[PDB]
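Results of the structural survey
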Amino acid sequence: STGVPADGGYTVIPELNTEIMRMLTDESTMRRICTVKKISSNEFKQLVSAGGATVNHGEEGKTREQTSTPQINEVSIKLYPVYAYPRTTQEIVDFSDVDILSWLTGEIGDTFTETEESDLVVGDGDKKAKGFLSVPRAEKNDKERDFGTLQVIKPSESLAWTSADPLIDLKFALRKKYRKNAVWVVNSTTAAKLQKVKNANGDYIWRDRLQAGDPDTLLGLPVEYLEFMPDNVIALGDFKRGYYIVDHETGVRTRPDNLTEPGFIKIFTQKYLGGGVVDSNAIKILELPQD
Amino acid sequence: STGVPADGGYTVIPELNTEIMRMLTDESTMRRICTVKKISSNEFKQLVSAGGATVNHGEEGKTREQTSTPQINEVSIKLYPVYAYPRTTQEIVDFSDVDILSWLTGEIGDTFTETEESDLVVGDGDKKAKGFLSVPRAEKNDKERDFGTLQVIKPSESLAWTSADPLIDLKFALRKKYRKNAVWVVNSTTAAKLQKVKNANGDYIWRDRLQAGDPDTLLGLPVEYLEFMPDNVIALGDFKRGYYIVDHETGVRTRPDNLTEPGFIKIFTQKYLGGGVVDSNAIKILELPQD
Amino acid sequence: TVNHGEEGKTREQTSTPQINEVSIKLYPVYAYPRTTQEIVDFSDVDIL
Amino acid sequence: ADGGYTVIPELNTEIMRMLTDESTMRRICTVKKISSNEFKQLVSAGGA
């Protein structure tokens, strides 16, 4: 029996699945909702015209006066090296059936996706991608607010977690231009807190109004959750326009660096991540008081 | 008339439908929601990387420090013989129009599906598949909780059967990684109790919000019910990743064993069932107090 | 049923599943309307 | 933990069998291939 090792138990080898299960794998929602511009430079300058172009509605037989020429703004999204430098022993890389080189590159790529969802959201911008939350916020409309700052809605705790008013405010803070292809961005804990909001009567506001085949939505817009957001913080926008993820044209470049310290192979797999707010009017932030 | 046996009543034979109706037949929801890995071994080792890979967000002109190499975990899913050994009389197997060999193999296959839904859920693991419920549970988040243990949510009886808070907690305990292809797992009695939850006002929380063509869902995710769950226990996860059903490469192997005791044919039809939690972060358990 | 046998244990007898009989008997459901031959002949809408 | 489970031990399929002692007796002694249970060799016991 297999229970006794000596009685034919050593013969039975455990069939190790050669494909290691990468627990932390996820399709990068940042790279899907936001545009990806492969570039070859340290800094990427997208030109974002603020506006100001006007018409005077001229009459038949009136001198056509000068109209104001529209303005342009600079968004200087600088790329920075996001890297991981694990020093695997050459022993494992040789003594293996599950391919440690490919497995570790996959793990570090998943780590890159995680740190993209971290830097492109919360990332302060200190030699890394400046997340839209780290971008300074201003509670003003698109006409009054300065460019490069996001409209933030900050209601009181009363109507914050009791009613849909903050989220409706967040939805219609966006213009139709962005609401056509907008998407919600909520933390999982903040999402749970949102689904639990109950008015003075007691009924839920967001009454799980979905079908089986429906993707998770909120006020008629899809919700791509980002796990690295701070608690009780929400975002919403046309992140295709709203945010630029500037990857370098080389992308992930995994030199194994086997000669630096023999007996060890050190996968470097550095990538150049950049991120920035583009069309600051295309993303809206909603801060909610902590319960 | 047919009423009197002698007056042409013996001529009328009852047309026995040669296809026996197997009452207990059901498409195995376990084998569909969970992955099936046909294997040739006593033990199946899937490698489940816990994580821990990090990046330091290096600057331009800074020495690139060492990052922590990610970890791997072992899930030792051992296969065990699940069998049934019915001793049919050779008399019936010969004296029959409905094929008793095929009918009995179908009945024992349905029994195997039932005992899969039992072992892969509640099964303690004593020389059988260890169900995800029998796997030890811990009320902690994915970061703090030990691997190989499932996040269990245990609210008080007040908000358990009055509000959707436990189920929303269960939904967003999963990460987006799993919520993309997640599925609910509820007992039929527990499902009925869930559909009956009514807040302090009296209105139902889950207001049968479905269409005719919609599969039964809950918080925007499908619900594949398992009948062998304990009362007032719920599960939810990406069971493709969350649970591994390790069948042996031979599968069901039905030797009829006609020589062991003549006058009797003893279908053995043993299979090697194994089951285990894989990505303990991909399944979430919700315990609710008994009413 | 299954006994969930171990490695190195005698495989005990499991209970053979049962069968039930549902004797669905057919019976004559009929209607015997006596239409006049007059209408069946004198008609444009086909009475038959 | 960190890549040690990765290392499967390469177990050899063909098990080496203990080398037995060359079947000495049936080389030495005379071997008979009978179709019965008994072989009965009549021998001269002397006494003449």
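This entry lists cryo-EM as its structure determination method and reports a resolution of 3.24 Å.

1. Thoughts on the overall build of chain D
A count of helices and strands for chain D gives one helix and zero strands. Scored against the burial criterion, the 48 residues of chain D give a buried share of 4%. Carbon and sulfur atoms make up 55% of the accessible area of chain D, which totals about 5300 Å². Here chain D contributes 6 positively and 6 negatively charged side chains, and the mean placements of these two sets differ by 23 Å.

2. A word on the relation of the copies chain B and chain A
Turning chain B through 72° and shifting it by 0.0 Å along the axis lays it on chain A, with an RMSD of 0.0 Å. When the rotation and shift are considered jointly, the pair of chain copies conforms to a five-fold rotation axis. Identified as the residue of chain B closest to the rotation axis by C-alpha distance is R209 of chain B, at 5.9 Å. Comparing contact sets, just 12% of the residues at the interface of chain B also lie at the interface in chain A, consistent with a heterologous contact between different surfaces.

3. Overview of the interface of chain D and chain B
With five residues of chain D in contact, the opposing surface of chain B contributes six residues. Across the chain D to chain B interface the summed buried area is about 450 Å²; carbon plus sulfur atoms make up 61%. When the buried area of chain D at its contact with chain B is split by residue, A1, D2 and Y5 of chain D rank highest and sum to 80% of it. Linking chain D to chain B there are zero salt bridges. For the pair chain D and chain B, the interface holds two residue pairs in polar contact. In terms of residue class, the side of chain D that touches chain B is made up of two nonpolar, two polar and one charged.

4. Description of the interface of chain B and chain A
Contact with chain B, which involves 60 residues of that partner, is made by 60 residues of chain A. Summing both partners gives a buried area of about 5300 Å² for chain B against chain A, and 55% of it is carried by carbon and sulfur. The interface formed by chain B and chain A contains seven salt bridges. Two residues, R207 of chain B and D203 of chain A, come together in a salt bridge whose shortest N-O distance is 3.8 Å. Our count for the chain B to chain A interface comes out at 33 residue pairs in polar contact. No other element matches strand β2 (residues 43-51) of chain B, which puts nine residues into the side of chain B that touches chain A.

5. Quick word on unusual backbone geometry
Residues and elements named next belong to chain B. Unusually for a residue other than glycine, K127 sits at a positive phi of about 60°. Looking at the element boundaries, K127 is found in the loop between α3 (100-119) and β6 (137-138). Among the residues examined, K127 registers a relative accessible area of 35% and is labelled partly exposed. One non-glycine residue, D257, lies in the positive phi region at around 50°. Within the secondary structure layout, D257 lies in the loop between β10 (243-247) and β11 (264-266). For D257, a relative accessible area of 24% puts it in the partly exposed group.

The rules behind each value
- Residues numbered from 1 in each chain as written, not as in the entry; some residues may be left out.
- Chains lettered and ligands numbered in written order.
- Part of a larger assembly, values for the part shown.
- Heavy atoms only, no water.
- Helix = DSSP H or I, 4+ residues; strand = E, 2+ residues; numbered from the N terminus.
- Buried < 20%, exposed > 50% of the residue type's maximum accessible area, 1.4 Å probe, protein only.
- Areas by Shrake-Rupley, 256 points an atom, 1.4 Å probe, with all protein chains shown as cover.
- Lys, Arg positive; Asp, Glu negative; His and termini not counted.
- Charge placed at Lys NZ, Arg CZ, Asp CG, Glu CD.
- Least-squares fit on C-alpha atoms.
- Contact = heavy atoms within 4.5 Å.
- Buried area = accessible area lost by both parts, 1.4 Å probe.
- Salt bridge = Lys/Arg side-chain N within 4 Å of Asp/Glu carboxyl O.
- Polar contact = N/O pair within 3.5 Å; in protein donor to acceptor, adjacent residues only side chain to side chain.
- Nonpolar A, V, L, I, M, F, W, Y, C, P; charged D, E, K, R; others polar.

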